[PDB]
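Report on the structure given below.
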Amino acid sequence: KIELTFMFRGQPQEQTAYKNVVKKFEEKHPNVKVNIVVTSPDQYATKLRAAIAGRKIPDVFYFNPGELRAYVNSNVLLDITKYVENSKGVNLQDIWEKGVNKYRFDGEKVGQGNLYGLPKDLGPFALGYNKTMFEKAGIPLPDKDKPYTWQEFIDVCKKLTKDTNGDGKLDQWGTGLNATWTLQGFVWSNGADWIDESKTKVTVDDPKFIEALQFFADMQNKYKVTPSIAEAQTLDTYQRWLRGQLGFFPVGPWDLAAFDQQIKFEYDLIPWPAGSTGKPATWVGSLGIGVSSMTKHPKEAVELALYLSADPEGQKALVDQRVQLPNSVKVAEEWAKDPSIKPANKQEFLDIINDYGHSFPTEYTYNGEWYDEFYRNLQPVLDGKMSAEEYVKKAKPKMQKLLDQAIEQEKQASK
Ligand SMILES: OC[C@@H]1O[C@@H](OC[C@@H]2O[C@@H](OC[C@@H]3O[C@@H](OC[C@@H]4O[C@@H](OC[C@@H]5O[C@@H](OC[C@@H]6O[C@@H](O)[C@H](O)[C@H]6O)[C@H](O)[C@H]5O)[C@H](O)[C@H]4O)[C@H](O)[C@H]3O)[C@H](O)[C@H]2O)[C@H](O)[C@H]1O
Ligand SMILES: [Ca+2]
Numbered sequence: 039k040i041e042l043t044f045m046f047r048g049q050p051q052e053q054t055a056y057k058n059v060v061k062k063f064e065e066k067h068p069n070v071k072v073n074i075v076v077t078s079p080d081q082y083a084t085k086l087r088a089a090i091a092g093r094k095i096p097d098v099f100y101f102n103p104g105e106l107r108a109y110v111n112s113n114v115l116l117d118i119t120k121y122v123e124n125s126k127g128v129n130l131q132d133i134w135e136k137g138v139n140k141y142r143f144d145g146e147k148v149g150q151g152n153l154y155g156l157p158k159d160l161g162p163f164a165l166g167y168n169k170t171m172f173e174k175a176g177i178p179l180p181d182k183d184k185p186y187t188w189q190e191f192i193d194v195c196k197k198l199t200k201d202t203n204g205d206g207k208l209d210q211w212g213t214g215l216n217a218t219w220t221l222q223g224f225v226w227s228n229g230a231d232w233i234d235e236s237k238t239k240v241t242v243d244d245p246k247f248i249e250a251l252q253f254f255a256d257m258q259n260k261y262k263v264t265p266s267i268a269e270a271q272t273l274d275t276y277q278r279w280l281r282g283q284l285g286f287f288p289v290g291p292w293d294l295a296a297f298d299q300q301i302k303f304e305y306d307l308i309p310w311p312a313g314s315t316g317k318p319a320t321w322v323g324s325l326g327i328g329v330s331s332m333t334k335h336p337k338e339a340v341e342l343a344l345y346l347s348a349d350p351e352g353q354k355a356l357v358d359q360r361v362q363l364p365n366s367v368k369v370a371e372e373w374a375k376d377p378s379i380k381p382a383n384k385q386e387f388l389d390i391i392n393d394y395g396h397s398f399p400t401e402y403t404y405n406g407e408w409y410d411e412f413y414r415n416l417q418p419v420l421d422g423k424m425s426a427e428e429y430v431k432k433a434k435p436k437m438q439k440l441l442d443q444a445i446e447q448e449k450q451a452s453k
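When the letters of the sequence shown are read in order and numbered with the authors' numbering, they come out as residues 39 to 453.
Printed below as a string of structure tokens:
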């Protein structure tokens, strides 16, 4: 009888995981058929915006929490409050509250009110270290609790940076962080942010922001605890991490499957290094699972979303397949305490969610074009061809205009 379109994004391992779980779902609901539309993480936002622009919207789909408000105003998302209430036994309250609450909207704020999506997951971005090269080097292991200072972090990265096969060429580096996904921690840890408290002013020219930005770039260009620009060009640092060439690199729970398959060294999680604030910082990501407000099959569509987001047996298969941590708080707590399941300090993930993880800036803004503009022309700063001070001075009014326009578009689309 019922056919359903499901679009989402994922790295190869994530795609395989969700397809198997949709197949479990179909077995449990033999009158529902799910046609899948899946993309790479990169190509995803463009395709969804084209589907929405043409009002050819999938029954069920992934979406950015920072688009909730705009999606609601434009009538993109079905209000699913009652379909989830009347579901069998499902207890959304067992799910992470910061997760579920990203997809609530009472007409004026995102804190409370009706449900317009379910959280796919929470994605704490932890720091990982290669325990195998640390030991082989004779370097004391990092503290599981007490974060490196920036200076300390650079020191160890230096000791980890060397020519190990004695051919005269460096073949191992302390680290190689990707600014797109790892600059936030340093900014936030240094007491800065992309925007102010009100979330209406751009603050990337705060001296604290500049200092963190400069420190990030300097680890490739000045401290040289990084493969060179050319070397990174030859093989990106993600890949070099997988190959065992890097001391440190981030780890999200969506990595665990890929890492099971490729990483041969022992590795574990630690807090991110801390800037002036003394406190570690990093992000906790999330994607929403929403339902087309114009789906012909709201009941069944909500049923597919619930199965992926909260259903005990649907959650279980996704965690088994190592592409996320459990959405149920209590389950994740016993998951984090289970020693048979690597890495050892899985607990760090939860620590990031409860204590020292933050949201992306765009989650507070009506759209994120202002933020995308910061990263669009950032590469010359990363490659040392201009300072952090002069890029952010040049780029701040560009991104204040975009932010002003986003605030204006939310007045206009919501009245
Ligand atoms: O070093 C310079 C760069 O290297 C070259 O690019 C190489 C890159 O390496 C490969 O990427 C490795 C992955 O990247 C990191 O993961 C970051 C992103 O997370 C994954 O999705 C998980 C998903 O996101 C979470 O939520 C995040 C946000 O929160 C919301 O506000 C918003 O909606 C979300 O965006 C969810 O919790 C979770 O489910 C993506 O797959 C990944 O991009 C990890 O280190 C690895 O997973 C890849 O080949 C290249 O991108 C370039 O030359 C240079 O830029
Ligand atoms: Ca060498």
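Built from N, CA and C at the ideal position, the CB exists for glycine as well.
Report yes if the C-beta distance between residue i and residue j is below 7 Å; otherwise report no.
i	j	result
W373	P381	no
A433	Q252	no
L420	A270	no
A319	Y409	no
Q51	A295	yes
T264	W188	no
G229	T315	yes
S397	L116	no
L273	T213	no
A312	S227	yes
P157	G127	no
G328	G155	yes
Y345	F63	yes
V322	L160	yes
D132	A339	no
In the DSSP assignment, find the alpha helix (DSSP H) that holds residue i and state where it starts and stops.
i	result
residue 466	Residue numbering for the chain in the displayed model covers 39 to 453; residue 466 lies beyond these limits and cannot be assessed.
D421	Unbroken run through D421: none, as it is neither H nor E.
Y109	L106 to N111
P50	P50 to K66
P178	Segment: none, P178 is in no alpha helix (DSSP H) and carries neither H nor E.
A382	Where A382 is concerned, there is no enclosing alpha helix (DSSP H), given that its DSSP letter is neither H nor E.
Sorted by chain position, which residues of the same chain lie with C-beta nearer than 8 Å to residue i's C-beta, five sequence neighbours on each side aside?
i	result
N73	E41, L42, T43 and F44
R107	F143, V148, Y404, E448 and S452
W232	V225, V240, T241, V242, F247, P399, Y409 and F412
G145	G151
If I follow the unbroken beta strand (DSSP E) through residue i, where does it start and stop?
i	result
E371	Per DSSP, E371 belongs to no beta strand (DSSP E); it is in the alpha helix (DSSP H), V367 to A374.
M257	Careful: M257 lies outside any beta strand (DSSP E), inside the alpha helix (DSSP H) at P245 to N259.
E41	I40 to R47
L307	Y305 to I308
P288	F286 to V289
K71	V70 to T77
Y100	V98 to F101
Report buried or exposed for residue i, applying the criterion of at least 16 other Cβ atoms within 10 angstroms of its Cβ.
i	result
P435	exposed
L179	exposed
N392	exposed
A88	exposed
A91	exposed
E401	buried
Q81	exposed
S324	buried
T199	buried
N113	exposed
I379	exposed
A268	exposed
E105	buried
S347	buried
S366	buried
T220	buried
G352	buried
Could you tell me which residues DSSP pairs with residue i in its beta bridges?
i	result
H396	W321
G206	Paired residues: none, contrary to the question.
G161	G323
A312	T187
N129	Paired residue(s): none; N129 is not in a bridge.
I233	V240
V329	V98
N152	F143
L198	In DSSP, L198 forms no bridge with anything.
Among residues of its own chain, excluding the 5 on either side of residue i, which ones have a beta-carbon nearer than 7 Å to its beta-carbon?
i	result
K197	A175 and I177
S78	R47
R360	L294, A295 and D298
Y167	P180, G285, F286, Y305, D306 and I308
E249	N228
Ordered along the chain, which non-local residues of its own chain (more than five positions away) have a Cβ less than 6 Å from that of residue i?
i	result
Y429	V419
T119	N152 and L153
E386	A164 and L307
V75	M45
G422	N259
Kindly examine ligand 3 and report whether one of its heavy atoms sits closer than 6 Å to the Cβ of residue i.
i	result
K207	Among the ligands present in this structure, namely ligand 1 and ligand 2, ligand 3 is not found.
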